[PDB]
Amino acid sequence: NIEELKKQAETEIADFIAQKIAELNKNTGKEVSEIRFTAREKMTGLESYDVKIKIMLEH
Amino acid sequence: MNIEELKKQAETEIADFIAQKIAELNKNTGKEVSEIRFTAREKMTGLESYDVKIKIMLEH
């Protein structure tokens, strides 16, 4: 049912984000500090969130 | 690669995955995701991910 499906999705996305953060920190030798999620909404409804990653360095 | 190349790449993989999961969720519920709120999950070694709460709307 629906609460479960919901939670299920919630977890998979968390998982995905985590993995991509890890791979990116790995590939760049730097640290993701933050991600900005901007809703992508269509007339039929919310479609997705557009994503903006902020990465930190030392200067 | 370039750092910006990578960044943009990851961003698109993420937006895609989210889209995918939303569409499937709607499909599977016959209902509509109105919102997803993200909350940072950080450790002392830095940002680990985001936790995900999904908001779905229902007719009155």
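A note on names: the letters A, B, ... follow the listed sequences, proteins ahead of strands, and every chain is numbered from 1.
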query: When you check the gap from the basic side-chain N to the acidic O, do B:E35 and B:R37 get nearer than 4.0 Å?
result: no

query: Do A:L24 and A:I55 touch side chain to side chain, with heavy atoms closer than 4.5 Å?
result: yes

Note, B:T39 side chain near B:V52 side chain (heavy atom, < 4.5 Å): no

statement: Applying salt bridge (charged side-chain N to carboxylate O under 4.0 Å, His left out) to A:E12 and not counting sequence neighbours gives B:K21

message: To the nearest 0.5 Å, what is the distance between CZ on B:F17 and CZ on A:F16?
response: 5.5 Å

- line: In terms of heavy-atom contacts, B:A10 and A:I53 come closest through CB-CD1, 4.0 Å

query: Of all residues at least two apart in sequence or in a different chain, which pass the salt bridge (charged side-chain N to carboxylate O under 4.0 Å, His left out) check with A:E10?
result: A:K7

message: Using 0.5 Å steps for rounding, measure from the NZ atom of A:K6 to the CG atom of B:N28.
response: 14.5 Å

Pairs where residues 45-57 of chain B contributes a residue and the test side chain to side chain donor-acceptor pair (under 3.5 Å) is met, not counting sequence neighbours: B:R41-B:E48, B:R41-B:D51

message: Ignoring hydrogens, what is the shortest heavy-atom contact between B:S34 and A:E41? Give both atom names and the distance.
response: O-OE2, 4.0 Å

query: Do the side chains of A:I21 and A:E23 get nearer than 4.5 Å, heavy atoms only?
result: no

statement: Of all heavy-atom pairs linking B:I18 and B:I36, the shortest is CG2-CD1, 4.2 Å

query: Would you find a donor on one side and an acceptor on the other, under 3.5 Å apart, between the side chain of B:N26 and the backbone of B:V33?
result: yes

